[PDB]
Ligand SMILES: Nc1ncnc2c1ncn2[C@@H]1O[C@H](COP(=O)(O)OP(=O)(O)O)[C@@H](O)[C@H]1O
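This document starts with one chain, in the form deposited without this ligand, laid out as C-alpha coordinates.
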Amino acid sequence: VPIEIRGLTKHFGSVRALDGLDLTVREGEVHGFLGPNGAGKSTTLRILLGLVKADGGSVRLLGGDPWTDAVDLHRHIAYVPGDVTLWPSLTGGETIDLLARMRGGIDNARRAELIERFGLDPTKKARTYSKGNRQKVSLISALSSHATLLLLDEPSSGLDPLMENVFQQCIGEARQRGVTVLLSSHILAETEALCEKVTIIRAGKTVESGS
(Lines give C-alpha, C1' and ligand atoms only; values in the text may rest on other atoms or scores of the structure.)
Protein backbone atom coordinates (compact mmCIF):
# COMPACT_ATOMS: atom_id res chain seq x y z
CA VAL A 1 0.00 0.00 0.00
CA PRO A 2 1.98 3.00 -1.27
CA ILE A 3 -0.37 5.55 0.34
CA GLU A 4 -2.64 5.04 3.36
CA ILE A 5 -4.06 8.11 5.12
CA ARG A 6 -6.98 7.93 7.53
CA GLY A 7 -7.70 10.55 10.18
CA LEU A 8 -5.61 13.41 8.76
CA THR A 9 -6.19 16.78 10.42
CA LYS A 10 -4.54 20.18 10.08
CA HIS A 11 -5.37 23.77 11.04
CA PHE A 12 -3.14 26.39 9.44
CA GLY A 13 -3.87 29.70 11.01
CA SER A 14 -6.21 27.85 13.32
CA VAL A 15 -8.42 30.10 11.25
CA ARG A 16 -8.43 27.48 8.49
CA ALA A 17 -9.16 23.86 9.26
CA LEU A 18 -7.75 22.71 5.93
CA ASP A 19 -8.07 19.09 7.00
CA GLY A 20 -10.44 17.18 9.22
CA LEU A 21 -10.88 13.41 8.89
CA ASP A 22 -9.27 12.78 5.50
CA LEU A 23 -8.96 9.28 4.02
CA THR A 24 -7.10 7.78 1.04
CA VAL A 25 -5.77 4.31 0.14
CA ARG A 26 -3.75 3.42 -3.05
CA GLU A 27 -2.43 -0.13 -4.00
CA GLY A 28 -0.56 -0.03 -7.34
CA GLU A 29 -3.14 1.63 -9.57
CA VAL A 30 -4.16 5.01 -11.01
CA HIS A 31 -6.20 7.02 -8.50
CA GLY A 32 -8.26 10.15 -9.09
CA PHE A 33 -8.25 12.85 -6.40
CA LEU A 34 -11.12 15.28 -6.96
CA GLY A 35 -12.31 18.39 -5.17
CA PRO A 36 -12.38 22.19 -5.32
CA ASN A 37 -9.32 24.40 -4.89
CA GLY A 38 -9.81 25.13 -1.19
CA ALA A 39 -10.77 21.58 -0.20
CA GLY A 40 -7.25 20.57 0.85
CA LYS A 41 -5.75 18.57 -2.03
CA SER A 42 -2.68 20.81 -2.15
CA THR A 43 -2.27 20.46 1.62
CA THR A 44 -2.49 16.67 1.33
CA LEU A 45 0.13 16.52 -1.42
CA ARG A 46 2.40 18.91 0.54
CA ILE A 47 1.99 16.77 3.68
CA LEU A 48 2.82 13.62 1.71
CA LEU A 49 6.07 15.34 0.89
CA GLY A 50 7.97 16.44 3.97
CA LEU A 51 7.04 20.07 3.35
CA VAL A 52 4.25 20.40 5.96
CA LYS A 53 3.63 18.64 9.28
CA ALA A 54 0.23 17.24 10.27
CA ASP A 55 -1.65 17.86 13.50
CA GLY A 56 -3.25 14.42 13.75
CA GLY A 57 -4.06 11.15 12.07
CA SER A 58 -1.88 8.56 10.38
CA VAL A 59 0.04 9.18 7.15
CA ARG A 60 2.06 6.25 5.84
CA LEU A 61 3.96 6.80 2.55
CA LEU A 62 5.62 3.62 1.22
CA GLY A 63 5.83 2.17 4.72
CA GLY A 64 7.67 5.04 6.36
CA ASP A 65 6.32 8.41 7.58
CA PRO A 66 6.70 11.44 5.37
CA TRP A 67 8.14 13.80 8.00
CA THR A 68 11.19 12.02 9.42
CA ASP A 69 11.88 9.77 6.41
CA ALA A 70 11.62 12.57 3.85
CA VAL A 71 15.02 11.92 2.23
CA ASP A 72 15.10 8.13 2.00
CA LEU A 73 11.55 7.91 0.61
CA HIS A 74 11.92 10.65 -2.02
CA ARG A 75 14.10 8.71 -4.43
CA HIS A 76 11.33 6.26 -5.33
CA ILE A 77 9.01 9.20 -6.02
CA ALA A 78 8.43 11.70 -8.82
CA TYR A 79 6.40 14.89 -8.50
CA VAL A 80 4.80 17.31 -10.97
CA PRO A 81 3.96 20.70 -9.42
CA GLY A 82 0.55 22.25 -10.01
CA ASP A 83 2.38 25.39 -11.09
CA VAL A 84 5.58 24.28 -12.94
CA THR A 85 8.10 27.12 -12.26
CA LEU A 86 11.70 26.79 -13.55
CA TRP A 87 15.10 28.71 -13.73
CA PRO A 88 15.31 31.30 -16.54
CA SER A 89 19.03 30.87 -17.30
CA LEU A 90 18.98 27.09 -17.82
CA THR A 91 18.02 25.26 -21.00
CA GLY A 92 15.39 22.53 -21.16
CA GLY A 93 17.90 19.68 -21.29
CA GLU A 94 19.64 20.92 -18.17
CA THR A 95 16.37 21.06 -16.10
CA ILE A 96 15.09 17.55 -17.20
CA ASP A 97 18.39 16.10 -15.85
CA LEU A 98 18.95 18.44 -12.86
CA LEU A 99 15.48 17.43 -11.59
CA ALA A 100 15.77 13.71 -12.40
CA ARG A 101 19.29 13.41 -10.87
CA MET A 102 18.12 14.95 -7.51
CA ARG A 103 15.33 12.30 -7.39
CA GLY A 104 15.77 8.65 -8.59
CA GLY A 105 17.80 9.02 -11.76
CA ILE A 106 17.06 9.33 -15.46
CA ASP A 107 16.55 6.59 -18.10
CA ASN A 108 18.19 7.93 -21.26
CA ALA A 109 16.39 5.53 -23.61
CA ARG A 110 12.99 6.73 -22.38
CA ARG A 111 14.16 10.36 -22.20
CA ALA A 112 15.16 10.43 -25.88
CA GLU A 113 11.82 9.14 -27.13
CA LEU A 114 9.87 11.35 -24.72
CA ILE A 115 11.69 14.41 -26.05
CA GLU A 116 11.10 13.14 -29.59
CA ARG A 117 7.33 12.76 -29.27
CA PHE A 118 6.49 15.67 -26.97
CA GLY A 119 8.29 17.77 -29.58
CA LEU A 120 10.51 19.68 -27.16
CA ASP A 121 13.64 21.63 -28.08
CA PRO A 122 16.14 21.05 -25.26
CA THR A 123 18.58 23.73 -26.37
CA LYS A 124 16.49 26.67 -25.45
CA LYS A 125 16.72 28.75 -22.43
CA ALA A 126 13.77 28.18 -20.10
CA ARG A 127 12.94 31.85 -20.08
CA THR A 128 11.92 31.65 -23.79
CA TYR A 129 9.58 28.69 -23.29
CA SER A 130 5.85 29.03 -23.54
CA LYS A 131 3.39 27.45 -21.05
CA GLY A 132 2.78 24.57 -23.37
CA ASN A 133 6.55 23.99 -23.50
CA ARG A 134 7.11 24.70 -19.80
CA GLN A 135 4.85 21.79 -18.81
CA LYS A 136 6.67 19.41 -21.15
CA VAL A 137 9.91 19.88 -19.20
CA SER A 138 8.30 18.74 -15.95
CA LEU A 139 6.44 15.91 -17.67
CA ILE A 140 9.59 14.58 -19.36
CA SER A 141 11.62 14.90 -16.17
CA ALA A 142 9.00 12.98 -14.17
CA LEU A 143 8.07 10.29 -16.72
CA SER A 144 11.73 9.36 -17.39
CA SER A 145 12.81 8.76 -13.86
CA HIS A 146 12.89 5.77 -11.60
CA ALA A 147 9.72 6.26 -9.65
CA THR A 148 7.50 3.59 -8.19
CA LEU A 149 5.11 6.43 -7.33
CA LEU A 150 4.15 9.51 -9.35
CA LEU A 151 2.42 12.46 -7.67
CA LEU A 152 0.94 14.50 -10.50
CA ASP A 153 -0.94 17.73 -9.81
CA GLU A 154 -2.73 19.16 -12.85
CA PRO A 155 -0.26 17.28 -15.09
CA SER A 156 -1.64 18.56 -18.41
CA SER A 157 -2.08 22.33 -18.09
CA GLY A 158 -1.48 24.23 -21.31
CA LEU A 159 -1.26 21.12 -23.51
CA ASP A 160 -3.08 20.82 -26.83
CA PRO A 161 -5.32 17.75 -27.33
CA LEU A 162 -2.58 15.94 -29.27
CA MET A 163 -0.09 16.23 -26.41
CA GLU A 164 -2.94 15.35 -24.05
CA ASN A 165 -3.39 12.10 -25.98
CA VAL A 166 0.36 11.44 -25.94
CA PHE A 167 0.47 12.01 -22.17
CA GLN A 168 -2.48 9.66 -21.65
CA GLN A 169 -0.77 6.96 -23.71
CA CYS A 170 2.45 7.44 -21.74
CA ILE A 171 0.57 7.03 -18.45
CA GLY A 172 -1.07 3.90 -19.84
CA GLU A 173 2.35 2.51 -20.75
CA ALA A 174 3.71 3.33 -17.29
CA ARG A 175 0.76 1.74 -15.49
CA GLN A 176 1.77 -1.77 -16.61
CA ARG A 177 5.35 -1.53 -15.36
CA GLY A 178 3.99 -1.51 -11.81
CA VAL A 179 4.04 2.27 -11.30
CA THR A 180 1.41 3.74 -8.98
CA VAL A 181 -0.01 7.10 -10.06
CA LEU A 182 -1.91 9.94 -8.40
CA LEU A 183 -3.56 12.29 -10.87
CA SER A 184 -5.33 15.14 -9.01
CA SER A 185 -6.56 16.53 -12.28
CA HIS A 186 -9.35 19.21 -12.22
CA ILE A 187 -10.24 17.93 -15.73
CA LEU A 188 -12.79 15.15 -15.36
CA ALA A 189 -12.47 13.98 -18.98
CA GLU A 190 -8.89 12.76 -18.53
CA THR A 191 -9.76 11.43 -15.07
CA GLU A 192 -12.55 9.33 -16.57
CA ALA A 193 -10.26 8.22 -19.41
CA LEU A 194 -7.39 7.13 -17.15
CA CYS A 195 -8.46 6.55 -13.55
CA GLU A 196 -10.70 4.11 -11.76
CA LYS A 197 -11.52 4.33 -8.05
CA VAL A 198 -11.80 8.10 -7.70
CA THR A 199 -12.16 9.92 -4.37
CA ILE A 200 -14.05 13.20 -3.95
CA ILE A 201 -13.41 15.55 -1.01
CA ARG A 202 -15.50 18.60 -0.06
CA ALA A 203 -14.04 20.57 2.86
CA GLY A 204 -11.54 18.43 4.75
CA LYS A 205 -13.40 15.15 4.56
CA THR A 206 -13.78 12.64 1.75
CA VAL A 207 -17.45 12.77 0.78
CA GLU A 208 -17.25 9.99 -1.80
CA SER A 209 -14.92 7.20 -2.86
CA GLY A 210 -14.86 4.16 -5.11
CA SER A 211 -14.80 2.81 -8.64
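In this text, residue numbers run from 1 along the sequence as written. Residues that one form lacks are left out of the comparison. Rigid core here is just the name for the largest C-alpha set that superposes within 1.5 Å across the two forms.
The same protein has a further form, the form solved in complex with this ligand, not shown here; the description that follows concerns it.
- In summary, the binding site of this form is blocked: after superposition of the surrounding C-alphas, this ligand from its pose in the entry with it bound has 3 or more atoms within 2.4 Å of backbone or C-beta atoms.
- Of the heavy atoms in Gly172, none are within 4.5 Å of this ligand in the entry with it bound.
- Mapping the unseen interface onto this chain, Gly28 falls outside it, with no heavy atom inside 4.5 Å of this ligand in the entry with it bound.
- Residue contact check for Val15: one or more of its heavy atoms lie within 4.5 Å of this ligand in the entry with it bound.
- When contacts are judged by a 4.5 Å heavy atom cut-off, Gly64 does not count as touching this ligand in the entry with it bound.
- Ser42 is the sole member of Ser58, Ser42, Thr68, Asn165 with a non-hydrogen atom lying within 4.5 angstroms of this ligand in the entry with it bound.
- Candidate set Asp55, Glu27, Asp65, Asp160; criterion, C-alpha shift of 2 Å or more between the shown form and the other one after rigid-core fit; matching residue, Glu27.
- In this overlay on the rigid core, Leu188 has a C-alpha that sits less than 2 Å away from its partner position between the shown form and the other one.
- After superposition on the rigid core, the Cα of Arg202 moves by less than 2 Å between the shown form and the other one.
- Cα-Cα spacing of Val25 to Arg177 is reduced in the entry with it bound versus the present form (difference of at least 3 Å).
- Shown here is a form in which the CA atoms of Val25 and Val181 lie at least 3 Å farther apart than they do in the entry with it bound.
- Core aligned; the single run of 3 or more residues with all CA shifts at 2 Å or more between the shown form and the other one is 14 to 27.
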